[PDB]
Protein chains: 4
Amino acid sequence: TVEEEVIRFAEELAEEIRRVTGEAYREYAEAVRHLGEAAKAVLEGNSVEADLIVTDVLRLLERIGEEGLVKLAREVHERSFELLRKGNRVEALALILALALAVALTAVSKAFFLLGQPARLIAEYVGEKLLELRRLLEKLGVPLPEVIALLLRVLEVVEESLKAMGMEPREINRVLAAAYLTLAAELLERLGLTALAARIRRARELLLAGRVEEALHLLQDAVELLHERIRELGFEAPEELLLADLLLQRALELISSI
Amino acid sequence: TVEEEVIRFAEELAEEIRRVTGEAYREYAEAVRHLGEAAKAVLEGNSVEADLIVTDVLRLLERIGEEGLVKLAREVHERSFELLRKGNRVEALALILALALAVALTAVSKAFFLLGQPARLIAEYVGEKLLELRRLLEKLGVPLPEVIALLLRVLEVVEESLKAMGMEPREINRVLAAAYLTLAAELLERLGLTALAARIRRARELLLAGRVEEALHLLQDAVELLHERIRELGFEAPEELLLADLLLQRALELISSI
Amino acid sequence: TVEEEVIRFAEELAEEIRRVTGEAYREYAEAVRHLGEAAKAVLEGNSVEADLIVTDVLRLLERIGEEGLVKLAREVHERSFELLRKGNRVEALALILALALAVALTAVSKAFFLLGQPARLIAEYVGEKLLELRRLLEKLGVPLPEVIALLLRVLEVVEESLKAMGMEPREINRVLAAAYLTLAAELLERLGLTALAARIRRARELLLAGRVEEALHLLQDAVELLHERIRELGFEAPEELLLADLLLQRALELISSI
Amino acid sequence: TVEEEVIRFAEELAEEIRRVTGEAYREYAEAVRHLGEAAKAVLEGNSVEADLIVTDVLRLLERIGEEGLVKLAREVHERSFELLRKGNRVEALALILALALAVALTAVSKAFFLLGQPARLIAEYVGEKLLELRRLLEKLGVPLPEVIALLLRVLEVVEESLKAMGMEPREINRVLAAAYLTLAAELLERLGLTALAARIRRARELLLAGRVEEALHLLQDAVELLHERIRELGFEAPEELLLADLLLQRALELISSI
Ligand SMILES: [Zn+2]
Ligand SMILES: [Zn+2]
Ligand SMILES: [Zn+2]
Ligand SMILES: [Zn+2]
Ligand SMILES: [Zn+2]
Ligand SMILES: [Zn+2]
Ligand SMILES: [Zn+2]
Ligand SMILES: [Zn+2]
């Protein structure tokens with residue numbers, strides 16, 4: 001039904017915030033439910049109530065005090081207003097869902113860092129949530145490059161929040177690299193390159209266990225073989241290969257900077 | 001089977017710690033599983049393996065650094081050794097389960113306070129866990145006064161941990177009063193005095209909402225009615241009435257000191 | 001028709017603000033009319049426009065600069081959103097009306113204190129407005145304990161505003177005690193205890209005239225006789241007696257602290 | 001029989017510490033014999049005696065004062081407890097054997113450095129002991145990647161001990177590179193690439209004789225040829241080649257840092 005998937009995504013995201021944290025972070029759950037209501041409103045035709053709800057969420061996040069989240073909220077407000085005036089329902093829905101996921105991941109990461117959890121669980125949870133959002137957006141109809149751009153925007157927001165809170169840079173780089181690696185592994189696996197995806201997952205697992213250099217070399221070998229495949233295909237290479245290559249290069253940079 | 005209830009209690013307690021916190025507090029889950037293994041060893045006949053496991057748990061708790069919980073662990077060690085040598089299996093099992101519950105509640109309260117949770121959720125969770133332990137101990141066969149003494153021992157451990165962590169006294173008093181109120185309400189309801197139990201629950205709910213004086217007066221009126229019933233019954237008053245009266249007096253003093 | 005009563009209540013409240021003050025306090029009248037529009041919107045089925053209007057009122061009160069009023073507005077926003085999502089129309093209406101009455105009483109009390117009016121007329125006006133709100137809520141269907149909790153929240157907001165403005169504590173205690181006394185007198189009279197209600201009104205009148213100790217003793221005698229009646233009834237005492245007893249105890253505390 | 005190999009390994013390891021050192025390092029032999037007793041207990045079915053013995057070994061190593069060894073002991077304790085509860089006998093046995101080898105190698109390396117021995121004999125002894133452990137684990141049934149991870153854990157413990165004791169970094173890098181080189185040479189030889197293994201051994205021998213740059217270039221040429229073979233095979237490359245490549249890269253980094 002696709003729409004029911006969006007409403008269930010919003011409700012399940014709010015319930016996941018409640019399960020992970022409880023009532024210590026309730027403004028985030030309120031904002032996520034508001035964004036779900038806005039996404040529901042978009043799907044029937046009402047385009048002004050969506051703008052009003054997005055402005056309400058912007059006020060809530062401004063009261064919360066997360067600079068990157070507020071910036072993303074302003075950008076979503078402007079782009080969603082313009083697209084809804086023009087008639088691009090799908091991209092406005094994608095922006096609303098990306099904002100909701102960004103708020104949820106910010107709350108979850110803040111709770112995990114305050115508790116004192118290691119970077120492994122944060123990395124797996126962020127990767128799983130990004131995978132769920134990617135599947136939802138692909139079911140909706142958003143083109144893949146825009147989906148990847150939205151996911152990178154969400155990851156940028158999460159990284160900014162973690163850096164501002166006080167986390168040491170190495171752990172932030174580790175979790176961002178793990179998220180990029182799982183995204184790239186999913187992208188490669190979708191195209192049928194199961195062994196390459198398995199190698200990427202092995203590299204991610206070795207990275208999360210403290211074995212940095214071994215994961216670095218595994219990733220470099222995977223990158224070289226991906227380049228061989230891409231340049232053998234020619235100019236008919238599906239966008240999955242190029243997006244996975246870019247994500248792997250970002251992961252290489254982040255892992256090297258560790 | 002009663003025993004299966006004991007091992008399931010230990011495993012479910014560990015799983016609840018994992019659900020509430022995750023992997024940020026893993027030594028507590030290790031200690032709870034060790035105490036569950038000790039309780040399983042006691043029920044089979046082996047009395048020295050239980051002592052060795054309790055000593056291992058004591059070492060783990062000494063490494064953790066929770067002074068009151070270590071004190072409780074030492075007392076459990078001594079009493080369990082003496083009772084198992086004599087042959088009091090049930091009381092040793094009760095002490096082991098009380099220690100496990102104390103560790104679990106200490107971990108949960110520490111996580112909740114670190115997050116920034118309100119006192120309401122802590123109060124309800126502590127009350128529910130104490131109720132589960134009380135039902136298990138009553139099913140085992142421990143006499144009621146000893147069960148209650150163990151419950152206030154666990155509550156004293158939790159209070160000491162909360163004071164040492166840095167919580168303001170008023171919230172600690174509020175959660176202690178809520179725990180005593182729910183314990184007394186269950187004790188009264190077991191005897192059939194459902195209206196008095198309902199009044200006690202109303203007093204607890206008004207206390208948790210910040211309405212201190214109204215809850216104080218409701219508790220005082222309930223105390224006078226309980227005294228009237230107790231002095232009408234005479235010397236044939238079941239132990240439930242006396243234990244509930246003592247718990248209500250402690251809750252009254254705690255609420256007054258708020 | 002009940003609904004027409006709500007709309008007329010909002011309009012009459014705004015007109016009463018205008019009559020008492022004029023155009024010196026116009027933001028309060030604007031907020032009251034906005035809340036009346038929200039209450040009208042709730043009653044047809046639209047639950048998002050109500051949230052948007054409540055957020056608008058929150059912004060208006062944040063610009064006004066009344067800390068307690070803003071806190072009550074935030075709490076009303078959250079609870080009304082949750083209840084309207086679940087489907088509790090009546091409690092959302094009650095919260096909106098309580099917020100409107102709180103704004104109106106804050107404006108009226110500020111005007112009366114700025115003019116230099118004595119506490120007697122302030123107390124009578126506050127009591128009359130609380131009585132009107134109580135009758136409206138009882139006609140709507142809100143359970144009595146929740147109505148009393150809402151009225152106490154409104155009184156807390158008014159007390160906080162008066163304390164922050166600069167009023168001497170004795171007059172604030174006097175007006176709060178008078179409001180509690182008239183509420184308790186109405187509650188007792190509804191149950192048929194006309195003579196007890198008359199004694200409570202006599203105590204309130206002696207309190208407002210400066211005769212503090214005589215009113216204190218009259219109230220203590222009324223409290224003792226109410227306790228006699230309550231403990232003679234047993235556990236079948238209607239909620240009116242218990243709520244009146246709690247209100248009388250709060251009045252006793254406030255009068256003693258004078 | 002496989003098990004008899006385990007007890008003989010423990011006893012022969014303890015006898016080897018006695019032969020190399022004598023009675024100057026007796027706590028290490030005590031710990032190794034305790035770990036052998038734990039390994040014997042695991043293979044018989046008793047899973048709590050193993051935990052008690054591992055805790056005893058942890059106390060012994062805490063008294064000794066080797067921080068890395070204590071850390072490895074704690075990790076082995078936790079992982080072995082969890083796996084034995086689940087039912088993974090083989091991995092718990094592997095962890096116990098890895099801890100025993102780590103203690104033995106730490107004692108031997110400390111004695112060798114205190115005497116003033118050159119790095120060559122230390123490197124050969126460490127390589128031989130790691131080879132024996134690898135053969136034992138492969139006979140048991142542990143998968144190769146986990147065996148290699150355990151071997152680098154042991155090597156990390158030894159390296160940390162050497163750094164903390166006072167050895168100059170260059171000799172530590174030399175011995176670690178030699179150990180990695182012999183491990184990779186054995187891994188390559190197992191697959192039939194005997195000439196590549198011979199070249200790796202030649203590089204190790206040139207490294208141990210002070211000829212650093214020649215060994216560096218020989219290793220680089222071997223790495224390029226191994227990469228050629230790996231990329232010629234494709235995705236059907238046995239895990240031996242990938243693990244050898246990772247080990248060779250770590251050895252290359254260590255040699256370059258010399
Ligand atoms: Zn707008
Ligand atoms: Zn390679
Ligand atoms: Zn003992
Ligand atoms: Zn009373
Ligand atoms: Zn809202
Ligand atoms: Zn009198
Ligand atoms: Zn243990
Ligand atoms: Zn060459």
# chains A, B, ... in the order shown; residues from 1 in each chain; ligands from 1
>>> residues_near_ligand(ligand="ligand 1", cutoff="6 Å", atoms="only C-alpha atoms and all ligand atoms", output="NGL selection string")
:A and (51-52 or 55)
>>> interface_residues(of="chain A", to="chain B", cutoff="7 Å", atoms="only C-alpha atoms", output="list in words")
residues 23, 24, 111, 114, 115, 116 and 117 of chain A
>>> residues_near_ligand(ligand="ligand 8", cutoff="10 Å", atoms="only C-alpha atoms and all ligand atoms", output="ChimeraX atom specification")
/D:214,216-222,224
>>> closest_atom_pairs(of="chain B", to="ligand 3", cutoff="12 Å", atoms="only C-alpha atoms and all ligand atoms", output="tab-separated table")
residue	atom	partner	partner_atom_place_in_ligand_line	distance
B:47	CA	ligand 3	1 (Zn)	10.2
B:48	CA	ligand 3	1 (Zn)	7.8
B:49	CA	ligand 3	1 (Zn)	9.3
B:50	CA	ligand 3	1 (Zn)	8.5
B:51	CA	ligand 3	1 (Zn)	4.7
B:52	CA	ligand 3	1 (Zn)	5.9
B:53	CA	ligand 3	1 (Zn)	8.7
B:54	CA	ligand 3	1 (Zn)	7.3
B:55	CA	ligand 3	1 (Zn)	6.0
B:56	CA	ligand 3	1 (Zn)	9.5
B:57	CA	ligand 3	1 (Zn)	11.1
B:58	CA	ligand 3	1 (Zn)	10.0
B:59	CA	ligand 3	1 (Zn)	11.6
B:73	CA	ligand 3	1 (Zn)	11.3
B:74	CA	ligand 3	1 (Zn)	9.6
B:75	CA	ligand 3	1 (Zn)	11.1
B:76	CA	ligand 3	1 (Zn)	10.2
B:77	CA	ligand 3	1 (Zn)	6.4
B:78	CA	ligand 3	1 (Zn)	7.3
B:79	CA	ligand 3	1 (Zn)	10.1
B:80	CA	ligand 3	1 (Zn)	8.9
B:81	CA	ligand 3	1 (Zn)	6.5
B:82	CA	ligand 3	1 (Zn)	9.7
B:84	CA	ligand 3	1 (Zn)	11.0
B:85	CA	ligand 3	1 (Zn)	11.2
>>> closest_residue(among="B:252, B:225, B:103, B:38", to="ligand 7", atoms="only C-alpha atoms and all ligand atoms")
B:38
>>> residues_around(residues="residue 69 in chain C", least_positions_apart="4", cutoff="12 Å", atoms="only C-alpha atoms", output="VMD selection string")
chain C and resid 28 31 57 to 65 73 to 76 98 to 107 153 to 162
>>> residues_around(residues="residue 4 in chain C", least_positions_apart="3", cutoff="12 Å", atoms="only C-alpha atoms", output="PyMOL selection string")
chain C and resi 1+7-12+36+39-40+43+136+139-140
>>> closest_residue(among="A:146, A:213, A:189, A:44", to="ligand 2", atoms="only C-alpha atoms and all ligand atoms")
A:213
>>> atom_distance(atom1="CA of residue 199 in chain A", atom2="CA of residue 124 in chain A")
17.0 Å
>>> atom_distance(atom1="CA of residue 168 in chain C", atom2="CA of residue 258 in chain C")
10.7 Å
>>> residues_around(residues="residue 170 in chain B", least_positions_apart="6", cutoff="12 Å", atoms="only C-alpha atoms", output="list in words")
residues 119, 159, 162, 163, 176, 177, 207, 208, 210, 212, 254, 255, 256, 257 and 258 of chain B
>>> write_last_selection(atoms="N, CA and C atoms", output="compact mmCIF listing (two decimals), in the first residue's frame")
# COMPACT_ATOMS: atom_id res chain seq x y z
N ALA B 119 11.29 10.55 38.23
CA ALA B 119 11.22 9.58 39.32
C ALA B 119 10.05 8.62 39.17
N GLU B 159 18.82 2.86 47.80
CA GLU B 159 18.86 4.22 48.34
C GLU B 159 20.30 4.68 48.54
N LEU B 162 21.75 5.50 45.17
CA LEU B 162 21.22 6.76 44.64
C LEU B 162 21.82 7.96 45.35
N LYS B 163 21.97 7.89 46.68
CA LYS B 163 22.58 8.98 47.42
C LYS B 163 24.04 9.17 47.00
N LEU B 176 11.42 5.99 47.22
CA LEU B 176 11.31 5.08 48.36
C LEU B 176 9.88 5.02 48.87
N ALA B 177 9.23 6.18 49.00
CA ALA B 177 7.86 6.21 49.49
C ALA B 177 6.93 5.49 48.53
N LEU B 207 1.28 11.35 45.17
CA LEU B 207 2.65 11.66 45.57
C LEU B 207 3.57 11.78 44.35
N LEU B 208 3.42 10.87 43.39
CA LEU B 208 4.29 10.87 42.22
C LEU B 208 4.04 12.05 41.29
N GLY B 210 3.62 15.20 42.25
CA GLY B 210 4.00 16.43 42.89
C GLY B 210 3.04 16.94 43.95
N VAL B 212 2.11 16.67 47.14
CA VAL B 212 2.70 16.03 48.31
C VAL B 212 1.74 16.05 49.50
N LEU B 254 8.93 9.27 55.37
CA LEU B 254 9.65 9.67 54.16
C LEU B 254 8.94 10.81 53.45
N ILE B 255 7.61 10.75 53.35
CA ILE B 255 6.85 11.81 52.70
C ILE B 255 6.94 13.10 53.50
N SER B 256 6.88 13.00 54.83
CA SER B 256 7.01 14.19 55.67
C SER B 256 8.38 14.83 55.51
N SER B 257 9.43 14.02 55.40
CA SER B 257 10.78 14.56 55.22
C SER B 257 11.00 15.16 53.83
N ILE B 258 10.08 14.95 52.89
CA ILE B 258 10.22 15.49 51.55
C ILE B 258 10.18 17.02 51.59
